[PDB]
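K.L.:
Sequence plus experimental coordinates follow:
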Amino acid sequence: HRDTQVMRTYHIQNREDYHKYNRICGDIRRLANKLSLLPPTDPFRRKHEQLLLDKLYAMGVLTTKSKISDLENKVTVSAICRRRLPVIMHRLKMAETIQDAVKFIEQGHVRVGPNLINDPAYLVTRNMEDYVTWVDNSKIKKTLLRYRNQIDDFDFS
Amino acid sequence: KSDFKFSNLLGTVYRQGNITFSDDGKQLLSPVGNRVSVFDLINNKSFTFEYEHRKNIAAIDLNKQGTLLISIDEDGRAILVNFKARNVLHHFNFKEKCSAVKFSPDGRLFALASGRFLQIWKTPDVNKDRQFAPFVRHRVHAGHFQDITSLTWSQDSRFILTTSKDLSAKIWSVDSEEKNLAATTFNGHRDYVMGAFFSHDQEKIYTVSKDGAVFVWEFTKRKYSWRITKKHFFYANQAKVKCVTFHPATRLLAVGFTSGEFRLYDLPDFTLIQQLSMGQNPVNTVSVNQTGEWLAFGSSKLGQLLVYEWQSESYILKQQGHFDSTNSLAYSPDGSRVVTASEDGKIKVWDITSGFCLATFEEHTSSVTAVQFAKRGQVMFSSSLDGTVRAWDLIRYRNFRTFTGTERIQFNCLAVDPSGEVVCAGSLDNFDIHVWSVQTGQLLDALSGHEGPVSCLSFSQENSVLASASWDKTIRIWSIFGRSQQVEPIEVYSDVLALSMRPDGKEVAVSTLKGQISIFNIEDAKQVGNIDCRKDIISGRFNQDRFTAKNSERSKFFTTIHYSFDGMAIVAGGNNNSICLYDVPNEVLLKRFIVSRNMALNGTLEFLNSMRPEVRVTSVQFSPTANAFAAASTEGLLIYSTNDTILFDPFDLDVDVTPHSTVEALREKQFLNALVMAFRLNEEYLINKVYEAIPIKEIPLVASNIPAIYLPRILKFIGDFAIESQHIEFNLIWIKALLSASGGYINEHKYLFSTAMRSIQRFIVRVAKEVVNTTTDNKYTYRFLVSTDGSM
Amino acid sequence: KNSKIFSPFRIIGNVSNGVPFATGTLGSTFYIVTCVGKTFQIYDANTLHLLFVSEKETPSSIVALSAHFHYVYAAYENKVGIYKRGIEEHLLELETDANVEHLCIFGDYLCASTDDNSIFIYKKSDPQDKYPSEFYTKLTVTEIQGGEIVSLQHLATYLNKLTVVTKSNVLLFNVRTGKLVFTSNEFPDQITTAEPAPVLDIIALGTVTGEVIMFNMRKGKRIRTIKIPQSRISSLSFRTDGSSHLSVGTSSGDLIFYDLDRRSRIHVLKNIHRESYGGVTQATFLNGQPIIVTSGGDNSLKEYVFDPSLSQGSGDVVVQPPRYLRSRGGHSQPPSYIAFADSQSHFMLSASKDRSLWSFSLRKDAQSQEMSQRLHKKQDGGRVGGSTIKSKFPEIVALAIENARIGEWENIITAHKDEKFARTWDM
RNA sequence: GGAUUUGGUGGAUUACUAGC
């Protein structure tokens, strides 16, 4: 029951979410394997996984882009399941717990740039990880500003 | 100026449904998901009906006379539009899913097949006045194991045969007395029968199947009825016929396969003329003209429409629409050239005059975000999410240089120096404005100072100053030329995702996230005014939503803005359902345009009845010709315009001024008055009555007589008329006279006349010079032959 | 007076006027025709949509209506239209100068009765033919035989016998021969309205005094009689569900239900149509179904239903009183000032001398509603000054509407007749 | 006479060609 055991730690909608990642996280390694079977001094192969580690680090599933061994060993579903939006709202200390962040996404208090986001299971790029905020004029961004005694209703915060 | 209409939809040539040629065959009509587009091969012009269809078109019916055109949606709604009238005469509702609707050769009644039931309905007379309940159904046939997959009509209306998907095929006569002639249903066909065809002689019946084996039915003695005379088999390794079209007079068979290979056979000789693969994806609907010279094959998966002629190996029109949507819209100095960006990254150049793509660009592997044109026809710069920017030539169709950054950043948007020396681009990753020179592909400088990413970048042509857009709520105006390097910052209330530069070079129009559009000055940091856009934005409730459409914050801002070239109006468009036209001095919107009415798309309805692609406009620009502004949608690039001029917009009427009075002036020989008396009505047919009337000897006397106030208006009229009109020599003597009479005045008021100069000098480049060069080239060749010594 | 630009589409905002509507049945569906002046309408009975209006206006008012399955028989001044789908497919002209009061259909025959006590018979030219066309003969009734003709009825299972009811008595004419096969006895009251019964050989009768008289034709006698205080009976109908029920419609707006088995009234409806415009002009239980359809002269048409009984074992004694179901509305008086609401031509405001504004629908004719007149409780807190017996607003002579900001505050300003203020309305 | 809250039905919520 590894699929359930990580559905709890990150709070997932459907128990099938895990194996929806673990099909991708396996598909990384199958492309890693056949790209390991090409000869090492091939300017395709040298170009092609560094082309891929650019993307898998921008998305942020893997910690570094130097170690080439991470691509088979550290690519786990729990790695890709913590660039989920409610985990990121718990990493950035927005909500208190990780269930409570799903409660705030589903009610509609969080946003990415212009548009608010409503699927809890929004993957967030490490580049896009800068831009999550509380949605403006919300009743939960109004309460935060009352704690510091710094509301400003010309913003109608 | 104010009343725009939906003139044209551009891009997405084929979406779904039957493609049927006209009886004349001059115009071919391809059905889009929510609209029907008519293409005229002879005039190379595309026309789209103003009417919305509430879901995607599933069937198209064209009357032999052409008076009535019927389109059937997935829901079963029936819309009848007269081609000449271009209006919806009636909107009857069918209650089941429709597969194909074909009008009878006589046209008295139209056969309609839904599910396993066949229906014949008397067609209401187009000439007859509109009635409350026009639709009437002649008969219903329910004798089918499964709903018919195809419908075929004989020259006589007595026999109608529909091929069922069960395997069985049945024949139905129109009149009840001819039932005894033919009521039999063919059997023993393997797989499914895609379609049933009738030859000019009614003795032979041709049937096709999904397997690819073809069987011909011939009536003969074993008192004797309907044997299989000969079987014909098509061999495909994995290909299966999907859609089959047969023309009886030319005996030509069009076969559609899953593989997409295109093959042609003749029923009498069973010989394969040619096998061609239009695309990897299988052909969905194939149609043939009466002559049979033009065959149209469209693949829904690739969304591309292709027309081919069997007799001569030439394609009248072959094009493929963008796979997803157009991220940016680029307008060239010439009105005709149009450039549209796509999510795929493929770049295709559309034509304003005819809705076809001259060429494609596959240079950008990543999606293209912004496409802009410098102040020349020499090149266009495209911004992509790949992290590289590549300039393109339009004389040669090639990259000059592919500008890249240092650490390989995405590029959203782009700004090109009008004097084409400097190309600036902006990111989401870096928030540094990279600056490339056009000659040396090095980056000159990394202009920085923003917190948060750069949304847009633009350069005012008059002052050559570039203003950055930031998510930090501060607008910073850069000054990058000549030993200054000074940046001026103006604070904004909400993230600014929209930046617009006025032609003047003195004002900047912004679109913040609070909805509100503000208009700043540049030489001062202060603002002229702001106009409030949160209320007059229509927002859709999606299907998967949990909030009312009133209080979602998805779409109440504007992700684009473009000033008109007059500098007096802004067209804005965002991820919403609506486009706007704000007046700039009076600060009030003029008219609000709903982009689409589709239940198929998500963002349409304010209220649902008691994921799907979102419907939003990405980038909007106003054309130099300025008749209409193109907004790049989800459905495809829209074009709004005023080329109708069915509108009474008078100017300075007296009681004495009537249309008859202007005609009287021509008899009176008062050319100066009868032109001004026709400009007072501002109606085009009085103007063409007096413009074409007055002779050459009093053109310049009239030009000197013409007032300064009407000079901008008269020049605009010549610009729109002379493009499609046969008079080169008469129109150019007017443009010699207007320019000759007041050369200094037009030059002094450069800002006052912008649209008139651009429109007039598209007519000179596109059609007037090419007549000159053909006259020039022909003269030189004749000179060469006489001058050169004789051979042998 | 033929125009070159305009041509009439249909008249909107009118449901009924006082002429008795007549029901028809096609397949399993039920279709109800009414009339509006010189142009009749057709309503479905399952949702009261508008199905068919006539293609041309008639040259005068339609006086009487009846409908056999597909064909609506409309009778204006001298002629009888035999209409299908609102299309005049055969015009039948009666050879008098008298105006046709009542009409009846059975068998191969049509039976039209002019006002000067004369009855015309029109035969189907062939049994294949659907509408009767040929003039058969002219039946007359002299005043020594009976009074003025109240109605024409054809009872169940009578070979060519036509139950002609008069103000004095009841006749029977064998239209094949043309002979008076039976005359009834003279009634002490003036008869106003007759209707058949689902039992055999019985027509029901209605007097100017409040008396319903059941009358047998095989015995020629009065079987049952029902007295009503102070009412002029204008409509009669029997429920054919299997439960015996008589519906007496007065001219004082009352609809009265009886239980002929228990010999009792059940529930009496008060003012379902206006007394002044005529009361219940016609009421009809739909066949085999607990639905009565009432249509007065005050430009409305309402349906009432009987819920099933709350008692398990008792049933027919504990009867639920009738219940309001769907209806259509219009405008009692002529409209003073109208306007259009929106750009797609989808609503029309119409304010009339009835003092009640209406948002009619050009699009779907069951979508029309009276704009409510129910004052918002004030922001200020002091109470609103007005008469406690609520009367409608004075009639509206000037209206203005701009549709740009709808749903957020008011967008309709109306000026009432002779008021120093001028109210506002949300659309 | 006034105010607040609530149960139930009907009519709309896409553009009106009759049932088996």
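P.N.:
Alright, I've got the coordinates. Residues are numbered from 1 along each chain as shown, chains lettered A, B, ... in the order given.
K.L.:
so residue B:667 sits in a helix?
P.N.:
Yes: judged by DSSP: H, G, I helix; E, B strand; the rest coil, residue B:667 forms part of a helix.
K.L.:
number of nearby residues for it?
P.N.:
Counted by other C-beta atoms under 10 Å in any protein chain shown, the residues lying close to residue B:667 total 8. For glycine as for every other residue, the C-beta is placed from the backbone atoms N, C-alpha and C.
K.L.:
Now residue C:403. Nearest residue, chain neighbours left out?
P.N.:
Leaving aside its sequence neighbours, residue C:403 sits nearest to residue C:342 (C-beta to C-beta, 6 or more residues apart in numbering or on different chains; 5.5 Å).
K.L.:
Can you say which helix or strand has that neighbour in it?
P.N.:
Assigned by DSSP states H and E, residue C:342 falls within no helix or strand.
K.L.:
For it, grab the count of nearby residues.
P.N.:
Residue C:342: 12 neighbours (other C-beta under 10 Å).
K.L.:
That one reaches residue C:401, doesn't it?
P.N.:
No: using C-beta atoms under 8 Å, residue C:342 makes no contact with residue C:401, being 9.1 Å away.
K.L.:
all strands for chain A, in order.
P.N.:
Taking DSSP state E, the strands of chain A run over residues A:110-112, A:115-116, A:132-134.
K.L.:
Can you list the strands that the last one pairs with?
P.N.:
Right, the one you point to is strand A:132-134. Applying DSSP bridges, strand A:132-134 is found paired with strand A:110-112 (antiparallel).
K.L.:
The shortest one too?
P.N.:
Strand pairing for strand A:115-116, using DSSP bridges, gives strand A:110-112 (antiparallel).
K.L.:
got the contact list for the partner strand?
P.N.:
Under the contact criterion C-beta atoms under 8 Å, 6 or more residues apart in numbering or on different chains, strand A:110-112 has outside partners A:85, A:89, A:94, A:104, A:116-117, A:122, A:124, A:128, A:131-136, B:553.
K.L.:
In ChimeraX, how would I select just the buried ones from these?
P.N.:
Per 16 or more other C-beta atoms under 10 Å in any protein chain shown, the buried members of the contacts of strand A:110-112 correspond to this ChimeraX selection:
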select /A:85,89,94,104,116,117,122,124,128,131,132,133,134,135,136 /B:553
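K.L.:
With the flanking residues excluded, which residue is spatially nearest to the residue nearest the centre of chain A?
P.N.:
Centroid-nearest residue in chain A: residue A:83, 1.6 Å away (criterion: C-alpha atoms, centre = their mean). Using C-beta to C-beta, 6+ apart and skipping the chain neighbours, the partner closest in space to residue A:83 is residue A:60 (5.1 Å).
K.L.:
burial count for the residue of the stretch 151-300 of chain B found nearest RNA strand D?
P.N.:
Going by C-beta to the nearest atom of the strand, RNA strand D is nearest to residue B:176 of the stretch 151-300 of chain B, at 17.3 Å. If you count neighbours by other C-beta under 10 Å, residue B:176 ends up with 9.
K.L.:
and the end-to-end length of stretch B:94-103?
P.N.:
Stretch B:94-103 has its terminal residues 16 Å apart, counting by C-alpha to C-alpha, to the nearest Å.
K.L.:
repeat for stretch B:533-543
P.N.:
Start to finish, the residues bounding stretch B:533-543 are 25 Å apart (C-alpha to C-alpha).
K.L.:
again with stretch B:424-436
P.N.:
Start-to-end span of stretch B:424-436 (C-alpha to C-alpha) is 6 Å.
K.L.:
chain center to that stretch, what's the gap?
P.N.:
Computed by C-alpha atoms, centre = their mean, to the nearest Å, the chain-centroid distance of stretch B:424-436 equals 33 Å.
K.L.:
got the contact list for it?
P.N.:
Residues outside stretch B:424-436 that contact it (C-beta under 8 Å, 6+ apart): A:127-128, B:383, B:389, B:403, B:405, B:407, B:409-416, B:422-423, B:442-448, B:450-457, B:459, B:466, B:468-470, B:478, B:480.
K.L.:
Run through the residues that contact residue B:157.
P.N.:
Residue B:157 makes contact with B:104-106, B:108-109, B:174-175, according to C-beta under 8 Å, 6+ apart.
K.L.:
among those, which two are most distant?
P.N.:
The span of the contacts of residue B:157, defined through C-beta to C-beta, is set by B:105 and B:175 at 14.4 Å.
K.L.:
Show me the contacts of stretch B:424-436 that map onto strands.
P.N.:
Here DSSP E is the test, and the contacts of stretch B:424-436 give B:383, B:389, B:403, B:413-416, B:422-423, B:443-447, B:454-457, B:459, B:466, B:468-470, B:478 as lying in strands.
K.L.:
Using neighbour counts, give me the buried entries of these.
P.N.:
Buried members of these, counted by 16+ other C-beta under 10 Å: B:383, B:389, B:403, B:413-416, B:422-423, B:443, B:445, B:447, B:454-457, B:459, B:466, B:468-470, B:478.
K.L.:
restrict those residues to contacts with chain C.
P.N.:
Among these, no residue sits close to chain C (C-beta under 8 Å from any C-beta of the partner chain).
K.L.:
same for RNA strand D: which of those are within range?
P.N.:
When contact is defined as C-beta under 7 Å from any atom of the strand, those do not meet RNA strand D at all.
K.L.:
so residue A:157 makes contact with residue A:134?
P.N.:
No: judged on C-beta under 8 Å, residue A:157 makes no contact with residue A:134 at a distance of 9.7 Å.
K.L.:
which stretch of helix or strand covers residue C:150?
P.N.:
Using DSSP H and E, residue C:150 sits within strand C:149-153.
K.L.:
Now do that strand: everything it contacts.
P.N.:
So strand C:149-153 is contacted by C:101-104, C:111, C:113, C:117, C:119, C:141, C:162-167, C:191-196, C:203 (C-beta under 8 Å, 6+ apart).
K.L.:
Tell me how many other residues surround residue 130.
P.N.:
No chain in the question, so chain A it is. Residue A:130: 18 surrounding residues under other C-beta under 10 Å.
K.L.:
Hmm, no, I was thinking of chain C.
P.N.:
When neighbours are counted by other C-beta under 10 Å, residue C:130 registers 16.
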